[PDB]
Amino acid sequence: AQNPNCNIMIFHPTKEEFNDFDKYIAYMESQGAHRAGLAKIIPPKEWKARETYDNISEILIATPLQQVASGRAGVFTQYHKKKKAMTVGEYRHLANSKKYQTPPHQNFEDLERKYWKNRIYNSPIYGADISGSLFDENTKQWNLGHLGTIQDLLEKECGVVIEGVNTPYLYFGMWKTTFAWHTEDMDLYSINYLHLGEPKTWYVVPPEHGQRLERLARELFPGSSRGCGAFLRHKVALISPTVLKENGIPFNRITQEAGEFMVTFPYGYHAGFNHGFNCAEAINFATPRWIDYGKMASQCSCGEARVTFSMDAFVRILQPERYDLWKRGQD
Ligand SMILES: O=C(O)CNC(=O)C(=O)O
Ligand SMILES: [Mg+2]
Ligand code: NI
Ligand SMILES: [Zn+2]
């Protein structure tokens, strides 16, 4: 068995290996990369996502979200308070202001210590989930707006044609902006490219151990667990590495820098935070190996998780017994 300790693997494809996206994902899996839940892909030196980032300031963040925490430093939830629209240039100036800027630090480990100690005492503002792309149309390799669609994969594997579309999303972050513990919708893969700016630190639980994280979360968030049998789908709960180690939960951590891709694998729980002003692009995707995970994915039916149009068909075809209850949650 390849990668039996479930370590995060880092890949350096050549320009020739960067041509065929599906083939390279399958290669990484042949080496055991999926067992970690997360892999890093460093593009060949010949590649670029676009020529410059000098002309992005006029992108609008229609609904910036202020991430307000409740709880204790290592075990907390966050809710998202909606703020007035602002441009990417306006948000960048805000991120760099004395109230929001990254503090002085020695290295990534010192910054990580500061994040866990102090996050709850601040409310950073995140531009999330903005439909769009920063890849140049002429970039042919690993262009997250030109991937094979999940609807086409389902149709190729299972023969059923379904409605829905699959497009990328932009994230504009600042110091302390936080992504809560989650797997993807329908336990899909994700791919995330850090276009510019400061790093993003990730934490991940191997897919084979995901239920250990779920049992800890039910213990730590007991009201939320009574409310919903899949409350991590709400994407609001944070648990620190120190608390995970205290409770014997297997995990790994890695820091992504600008110019690097991360891939999350089916049922790989992940969480993390941004170091300072940055911009990332991400999209979900599928492969043949995903289908069995899609069929077994948990679902939130309490009403909180509310998701995209295209998840309807995935539930309807892969999980027909659950469909009626899930759809009641959506309506
Ligand atoms: O970058 C973020 O805020 C969160 N991204 C992801 O969870 C991802 O790419 O799967
Ligand atoms: Mg612009
Ligand atoms: Ni994710
Ligand atoms: Zn729910």
# chains A, B, ... in the order shown; residues from 1 in each chain; ligands from 1
>>> residues_around(residues="residue 219 (chain A)", least_positions_apart="5", cutoff="12 Å", atoms="only C-alpha atoms", output="number ranges by chain")
A: 75, 212-214, 224-226, 239, 247
>>> closest_atom_pairs(of="region 47-140 of chain A", to="region 190-208 of chain A", cutoff="12 Å", atoms="only C-alpha atoms", output="JSON lines")
{"residue": "A:48", "atom": "CA", "partner": "A:195", "partner_atom": "CA", "distance": 9.9}
{"residue": "A:49", "atom": "CA", "partner": "A:195", "partner_atom": "CA", "distance": 7.7}
{"residue": "A:50", "atom": "CA", "partner": "A:195", "partner_atom": "CA", "distance": 9.2}
{"residue": "A:51", "atom": "CA", "partner": "A:195", "partner_atom": "CA", "distance": 11.4}
{"residue": "A:52", "atom": "CA", "partner": "A:196", "partner_atom": "CA", "distance": 9.9}
{"residue": "A:53", "atom": "CA", "partner": "A:196", "partner_atom": "CA", "distance": 7.7}
{"residue": "A:54", "atom": "CA", "partner": "A:196", "partner_atom": "CA", "distance": 10.8}
{"residue": "A:56", "atom": "CA", "partner": "A:196", "partner_atom": "CA", "distance": 11.0}
{"residue": "A:92", "atom": "CA", "partner": "A:197", "partner_atom": "CA", "distance": 10.2}
{"residue": "A:95", "atom": "CA", "partner": "A:198", "partner_atom": "CA", "distance": 11.2}
{"residue": "A:96", "atom": "CA", "partner": "A:198", "partner_atom": "CA", "distance": 11.5}
{"residue": "A:101", "atom": "CA", "partner": "A:198", "partner_atom": "CA", "distance": 11.2}
{"residue": "A:102", "atom": "CA", "partner": "A:198", "partner_atom": "CA", "distance": 9.5}
{"residue": "A:107", "atom": "CA", "partner": "A:199", "partner_atom": "CA", "distance": 11.6}
{"residue": "A:108", "atom": "CA", "partner": "A:201", "partner_atom": "CA", "distance": 8.8}
{"residue": "A:109", "atom": "CA", "partner": "A:201", "partner_atom": "CA", "distance": 10.1}
{"residue": "A:111", "atom": "CA", "partner": "A:201", "partner_atom": "CA", "distance": 10.0}
{"residue": "A:112", "atom": "CA", "partner": "A:201", "partner_atom": "CA", "distance": 8.2}
{"residue": "A:113", "atom": "CA", "partner": "A:201", "partner_atom": "CA", "distance": 11.9}
{"residue": "A:115", "atom": "CA", "partner": "A:201", "partner_atom": "CA", "distance": 10.4}
{"residue": "A:116", "atom": "CA", "partner": "A:201", "partner_atom": "CA", "distance": 11.9}
{"residue": "A:133", "atom": "CA", "partner": "A:195", "partner_atom": "CA", "distance": 10.4}
{"residue": "A:134", "atom": "CA", "partner": "A:195", "partner_atom": "CA", "distance": 7.9}
{"residue": "A:135", "atom": "CA", "partner": "A:195", "partner_atom": "CA", "distance": 9.0}
{"residue": "A:136", "atom": "CA", "partner": "A:195", "partner_atom": "CA", "distance": 11.8}
>>> closest_residue(among="A:268, A:288, A:104, A:132", to="ligand 3", atoms="only C-alpha atoms and all ligand atoms")
A:268
>>> select_by_dssp(residues="region 46-182 of chain A", states="helix (DSSP H, G or I)", output="PyMOL selection string")
chain A and resi 88-95+108-121+150-158
>>> residues_around(residues="residue 160 (chain A)", least_positions_apart="2", cutoff="12 Å", atoms="only C-alpha atoms", output="compact mmCIF listing (two decimals) with C-alpha atoms, in the first residue's frame")
# COMPACT_ATOMS: atom_id res chain seq x y z
CA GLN A 151 -21.96 16.38 -14.83
CA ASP A 152 -19.99 15.01 -17.75
CA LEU A 153 -18.04 12.66 -15.45
CA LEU A 154 -21.31 11.30 -13.95
CA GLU A 155 -22.61 10.84 -17.47
CA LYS A 156 -19.46 9.08 -18.65
CA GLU A 157 -19.41 6.70 -15.64
CA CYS A 158 -23.08 6.02 -15.09
CA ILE A 162 -28.13 15.57 -15.90
CA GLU A 163 -28.68 19.34 -15.65
CA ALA A 313 -28.98 16.04 -9.51
CA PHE A 314 -26.06 14.46 -7.63
CA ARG A 316 -31.24 12.60 -6.93
CA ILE A 317 -29.19 10.11 -8.99
CA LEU A 318 -26.63 8.86 -6.42
>>> residues_near_ligand(ligand="ligand 3", cutoff="10 Å", atoms="only C-alpha atoms and all ligand atoms", output="list in words")
residues 179, 180, 181, 182, 183, 184, 185, 187, 188, 189, 190, 191, 192, 235, 263, 264, 265, 268, 269, 270, 271, 272, 282, 283 and 284 of chain A
>>> write_last_selection(atoms="N, CA and C atoms", output="CSV table (one decimal), in the first residue's frame")
chain,number,residue,atom,x,y,z
A,179,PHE,N,-11.1,29.1,7.2
A,179,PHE,CA,-12.0,28.1,6.6
A,179,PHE,C,-12.2,27.0,7.6
A,180,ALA,N,-13.5,26.8,8.0
A,180,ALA,CA,-13.9,25.8,9.0
A,180,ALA,C,-13.7,24.4,8.5
A,181,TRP,N,-13.7,23.4,9.4
A,181,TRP,CA,-13.6,22.0,9.1
A,181,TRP,C,-14.7,21.5,8.3
A,182,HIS,N,-14.4,20.9,7.1
A,182,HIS,CA,-15.4,20.4,6.2
A,182,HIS,C,-14.8,19.4,5.2
A,183,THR,N,-15.7,18.6,4.6
A,183,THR,CA,-15.4,18.0,3.3
A,183,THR,C,-16.2,18.7,2.2
A,184,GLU,N,-15.9,18.5,1.0
A,184,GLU,CA,-16.6,19.1,-0.1
A,184,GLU,C,-18.0,18.6,-0.2
A,185,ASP,N,-18.8,19.4,-0.9
A,185,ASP,CA,-20.2,19.0,-1.2
A,185,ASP,C,-20.1,17.6,-1.9
A,187,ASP,N,-18.8,15.1,-1.1
A,187,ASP,CA,-17.5,14.5,-0.8
A,187,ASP,C,-16.7,14.5,-2.2
A,188,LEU,N,-16.8,15.5,-3.0
A,188,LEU,CA,-16.1,15.8,-4.2
A,188,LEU,C,-14.6,16.1,-3.9
A,189,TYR,N,-13.8,16.1,-5.0
A,189,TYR,CA,-12.4,16.7,-4.9
A,189,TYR,C,-12.6,18.2,-4.9
A,190,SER,N,-11.6,18.9,-4.5
A,190,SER,CA,-11.4,20.3,-4.8
A,190,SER,C,-10.0,20.5,-5.3
A,191,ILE,N,-9.8,21.6,-6.1
A,191,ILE,CA,-8.5,22.1,-6.5
A,191,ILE,C,-8.5,23.5,-6.2
A,192,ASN,N,-7.4,24.1,-5.6
A,192,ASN,CA,-7.3,25.5,-5.2
A,192,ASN,C,-5.9,26.0,-5.7
A,235,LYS,N,-20.1,24.4,7.9
A,235,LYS,CA,-18.9,25.0,7.7
A,235,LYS,C,-18.7,26.2,8.6
A,263,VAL,N,-4.8,20.1,-4.0
A,263,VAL,CA,-5.9,19.2,-4.3
A,263,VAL,C,-6.4,18.6,-3.0
A,264,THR,N,-7.7,18.7,-2.7
A,264,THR,CA,-8.3,17.9,-1.7
A,264,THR,C,-9.0,16.7,-2.3
A,265,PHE,N,-8.9,15.6,-1.6
A,265,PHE,CA,-9.5,14.3,-2.1
A,265,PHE,C,-10.8,14.0,-1.4
A,268,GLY,N,-11.8,14.0,2.5
A,268,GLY,CA,-10.6,14.6,3.2
A,268,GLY,C,-11.1,15.9,3.9
A,269,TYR,N,-11.3,15.7,5.2
A,269,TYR,CA,-11.7,17.0,6.0
A,269,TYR,C,-10.6,17.9,6.1
A,270,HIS,N,-10.8,19.2,5.9
A,270,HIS,CA,-9.8,20.2,5.9
A,270,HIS,C,-10.3,21.5,6.5
A,271,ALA,N,-9.3,22.3,7.0
A,271,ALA,CA,-9.6,23.6,7.6
A,271,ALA,C,-8.3,24.4,7.4
A,272,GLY,N,-8.4,25.7,7.7
A,272,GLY,CA,-7.1,26.5,7.6
A,272,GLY,C,-7.4,28.0,7.7
A,282,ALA,N,-10.8,28.4,-6.7
A,282,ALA,CA,-11.0,26.9,-6.4
A,282,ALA,C,-12.3,26.4,-7.2
A,283,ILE,N,-12.3,25.1,-7.4
A,283,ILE,CA,-13.4,24.5,-8.0
A,283,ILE,C,-13.5,23.1,-7.5
A,284,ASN,N,-14.7,22.5,-7.5
A,284,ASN,CA,-14.8,21.1,-7.3
A,284,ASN,C,-14.7,20.3,-8.6
>>> residues_near_ligand(ligand="ligand 2", cutoff="9 Å", atoms="only C-alpha atoms and all ligand atoms", output="NGL selection string")
:A and (54-60 or 87-89)
>>> write_last_selection(atoms="N, CA, C and O atoms", output="mmCIF file, in the first residue's frame")
data_model
loop_
_atom_site.group_PDB
_atom_site.id
_atom_site.type_symbol
_atom_site.label_atom_id
_atom_site.label_comp_id
_atom_site.auth_asym_id
_atom_site.auth_seq_id
_atom_site.Cartn_x
_atom_site.Cartn_y
_atom_site.Cartn_z
ATOM 1 N N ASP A 54 -1.826 42.979 -12.214
ATOM 2 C CA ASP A 54 -1.819 44.452 -12.014
ATOM 3 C C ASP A 54 -3.125 45.072 -12.281
ATOM 4 O O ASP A 54 -3.327 46.281 -11.898
ATOM 5 N N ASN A 55 -4.102 44.350 -12.865
ATOM 6 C CA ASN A 55 -5.354 44.921 -13.309
ATOM 7 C C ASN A 55 -6.656 44.295 -12.663
ATOM 8 O O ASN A 55 -7.757 44.327 -13.237
ATOM 9 N N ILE A 56 -6.474 43.813 -11.398
ATOM 10 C CA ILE A 56 -7.622 43.111 -10.706
ATOM 11 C C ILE A 56 -8.372 43.938 -9.715
ATOM 12 O O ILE A 56 -9.341 43.487 -9.095
ATOM 13 N N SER A 57 -8.017 45.208 -9.523
ATOM 14 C CA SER A 57 -8.549 46.003 -8.438
ATOM 15 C C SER A 57 -10.003 46.395 -8.485
ATOM 16 O O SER A 57 -10.640 46.784 -7.529
ATOM 17 N N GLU A 58 -10.556 46.321 -9.736
ATOM 18 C CA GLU A 58 -11.906 46.681 -9.965
ATOM 19 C C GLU A 58 -12.925 45.537 -9.898
ATOM 20 O O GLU A 58 -14.150 45.730 -9.988
ATOM 21 N N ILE A 59 -12.439 44.306 -9.664
ATOM 22 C CA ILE A 59 -13.333 43.197 -9.310
ATOM 23 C C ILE A 59 -14.170 43.586 -8.081
ATOM 24 O O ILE A 59 -13.618 44.239 -7.150
ATOM 25 N N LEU A 60 -15.450 43.292 -8.028
ATOM 26 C CA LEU A 60 -16.312 43.610 -6.901
ATOM 27 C C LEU A 60 -16.466 42.371 -6.037
ATOM 28 O O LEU A 60 -16.736 41.234 -6.515
ATOM 29 N N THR A 87 -14.672 46.969 -3.691
ATOM 30 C CA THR A 87 -13.812 46.460 -4.722
ATOM 31 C C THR A 87 -12.614 45.704 -4.141
ATOM 32 O O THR A 87 -12.289 45.868 -2.945
ATOM 33 N N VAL A 88 -11.924 44.937 -4.969
ATOM 34 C CA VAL A 88 -10.695 44.253 -4.565
ATOM 35 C C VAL A 88 -9.673 45.293 -4.155
ATOM 36 O O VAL A 88 -8.959 45.075 -3.114
ATOM 37 N N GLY A 89 -9.591 46.441 -4.823
ATOM 38 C CA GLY A 89 -8.631 47.492 -4.372
ATOM 39 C C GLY A 89 -9.018 48.000 -3.022
ATOM 40 O O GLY A 89 -8.036 48.204 -2.182
#
>>> select_by_dssp(residues="region 114-297 of chain A", states="strand (DSSP E)", output="PyMOL selection string")
chain A and resi 125-131+169-173+178-182+189-197+200-205+237-239+252-256+261-264+269-274+278-285
>>> closest_residue(among="A:231, A:18, A:251, A:175", to="residue 98 (chain A)", atoms="only C-alpha atoms")
A:175
>>> residues_around(residues="region 79-81 of chain A", least_positions_apart="5", cutoff="7 Å", atoms="only C-alpha atoms", output="MDAnalysis selection string")
chainID A and resid 65:69 236
>>> write_last_selection(atoms="C-alpha atoms", output="mmCIF file, in the first residue's frame")
data_model
loop_
_atom_site.group_PDB
_atom_site.id
_atom_site.type_symbol
_atom_site.label_atom_id
_atom_site.label_comp_id
_atom_site.auth_asym_id
_atom_site.auth_seq_id
_atom_site.Cartn_x
_atom_site.Cartn_y
_atom_site.Cartn_z
ATOM 1 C CA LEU A 65 -18.198 38.445 5.177
ATOM 2 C CA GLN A 66 -16.974 39.398 8.723
ATOM 3 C CA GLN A 67 -16.074 36.188 10.503
ATOM 4 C CA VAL A 68 -17.150 36.555 14.154
ATOM 5 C CA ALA A 69 -16.024 33.805 16.559
ATOM 6 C CA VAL A 236 -18.700 26.893 10.988
#
>>> atom_distance(atom1="CA of residue 325 (chain A)", atom2="CA of residue 293 (chain A)")
19.5 Å
>>> closest_atom_pairs(of="chain A", to="ligand 4", cutoff="6 Å", atoms="only C-alpha atoms and all ligand atoms", output="tab-separated table")
residue	atom	partner	partner_atom_place_in_ligand_line	distance
A:228	CA	ligand 4	1 (Zn)	4.5
A:230	CA	ligand 4	1 (Zn)	5.8
A:231	CA	ligand 4	1 (Zn)	4.8
A:300	CA	ligand 4	1 (Zn)	4.0
A:301	CA	ligand 4	1 (Zn)	5.5
A:302	CA	ligand 4	1 (Zn)	4.2
A:303	CA	ligand 4	1 (Zn)	5.6
A:304	CA	ligand 4	1 (Zn)	4.8
A:305	CA	ligand 4	1 (Zn)	5.6
>>> write_last_selection(atoms="N, CA and C atoms", output="PDB file, in the first residue's frame")
ATOM      1  N   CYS A 228     -28.382  18.650  14.042  1.00  0.00           N
ATOM      2  CA  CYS A 228     -28.146  18.176  12.668  1.00  0.00           C
ATOM      3  C   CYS A 228     -27.139  17.057  12.696  1.00  0.00           C
ATOM      4  N   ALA A 230     -25.334  15.996  10.369  1.00  0.00           N
ATOM      5  CA  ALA A 230     -24.147  16.348   9.535  1.00  0.00           C
ATOM      6  C   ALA A 230     -23.767  17.822   9.636  1.00  0.00           C
ATOM      7  N   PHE A 231     -23.709  18.337  10.892  1.00  0.00           N
ATOM      8  CA  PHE A 231     -23.494  19.724  11.078  1.00  0.00           C
ATOM      9  C   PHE A 231     -22.148  20.343  10.608  1.00  0.00           C
ATOM     10  N   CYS A 300     -26.680  17.242   5.103  1.00  0.00           N
ATOM     11  CA  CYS A 300     -27.419  18.154   6.025  1.00  0.00           C
ATOM     12  C   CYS A 300     -28.865  18.236   5.387  1.00  0.00           C
ATOM     13  N   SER A 301     -29.821  17.927   6.161  1.00  0.00           N
ATOM     14  CA  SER A 301     -31.243  18.191   5.806  1.00  0.00           C
ATOM     15  C   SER A 301     -31.974  19.144   6.793  1.00  0.00           C
ATOM     16  N   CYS A 302     -31.237  19.791   7.775  1.00  0.00           N
ATOM     17  CA  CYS A 302     -31.844  20.696   8.738  1.00  0.00           C
ATOM     18  C   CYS A 302     -32.138  22.011   8.136  1.00  0.00           C
ATOM     19  N   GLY A 303     -31.605  22.339   6.971  1.00  0.00           N
ATOM     20  CA  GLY A 303     -31.845  23.610   6.357  1.00  0.00           C
ATOM     21  C   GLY A 303     -30.683  24.533   6.362  1.00  0.00           C
ATOM     22  N   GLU A 304     -29.704  24.295   7.245  1.00  0.00           N
ATOM     23  CA  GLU A 304     -28.629  25.283   7.372  1.00  0.00           C
ATOM     24  C   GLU A 304     -27.731  25.276   6.170  1.00  0.00           C
ATOM     25  N   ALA A 305     -27.314  24.095   5.648  1.00  0.00           N
ATOM     26  CA  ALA A 305     -26.159  24.088   4.712  1.00  0.00           C
ATOM     27  C   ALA A 305     -26.439  24.776   3.360  1.00  0.00           C
TER      28      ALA A 305
END
>>> atom_distance(atom1="CA of residue 94 (chain A)", atom2="CA of residue 177 (chain A)")
13.0 Å
>>> decode(residues="region 56-67 of chain A", atoms="N, CA, C and O atoms", output="short mmCIF file (atom, residue, chain, number, x, y, z; two decimals), in the first residue's frame")
data_model
loop_
_atom_site.label_atom_id
_atom_site.label_comp_id
_atom_site.auth_asym_id
_atom_site.auth_seq_id
_atom_site.Cartn_x
_atom_site.Cartn_y
_atom_site.Cartn_z
N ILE A 56 -6.47 43.81 -11.40
CA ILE A 56 -7.62 43.11 -10.71
C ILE A 56 -8.37 43.94 -9.71
O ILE A 56 -9.34 43.49 -9.09
N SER A 57 -8.02 45.21 -9.52
CA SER A 57 -8.55 46.00 -8.44
C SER A 57 -10.00 46.39 -8.48
O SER A 57 -10.64 46.78 -7.53
N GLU A 58 -10.56 46.32 -9.74
CA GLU A 58 -11.91 46.68 -9.96
C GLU A 58 -12.92 45.54 -9.90
O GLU A 58 -14.15 45.73 -9.99
N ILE A 59 -12.44 44.31 -9.66
CA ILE A 59 -13.33 43.20 -9.31
C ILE A 59 -14.17 43.59 -8.08
O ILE A 59 -13.62 44.24 -7.15
N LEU A 60 -15.45 43.29 -8.03
CA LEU A 60 -16.31 43.61 -6.90
C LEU A 60 -16.47 42.37 -6.04
O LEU A 60 -16.74 41.23 -6.52
N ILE A 61 -16.35 42.60 -4.73
CA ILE A 61 -16.76 41.72 -3.67
C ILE A 61 -18.13 42.24 -3.17
O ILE A 61 -18.23 43.17 -2.39
N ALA A 62 -19.16 41.65 -3.76
CA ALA A 62 -20.55 42.14 -3.47
C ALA A 62 -20.96 41.98 -2.04
O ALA A 62 -21.66 42.87 -1.53
N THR A 63 -20.51 40.93 -1.41
CA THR A 63 -20.94 40.64 -0.02
C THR A 63 -19.72 40.12 0.79
O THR A 63 -19.58 38.92 1.03
N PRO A 64 -18.84 41.08 1.17
CA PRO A 64 -17.77 40.66 2.12
C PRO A 64 -18.30 40.11 3.39
O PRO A 64 -19.42 40.54 3.83
N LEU A 65 -17.64 39.12 3.98
CA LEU A 65 -18.20 38.45 5.18
C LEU A 65 -17.24 38.68 6.35
O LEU A 65 -16.06 38.31 6.30
N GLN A 66 -17.78 39.20 7.46
CA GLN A 66 -16.97 39.40 8.72
C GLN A 66 -17.13 38.15 9.54
O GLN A 66 -18.29 37.74 9.83
N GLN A 67 -16.02 37.49 9.90
CA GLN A 67 -16.07 36.19 10.50
C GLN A 67 -15.96 36.34 12.01
O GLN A 67 -14.84 36.47 12.56
#
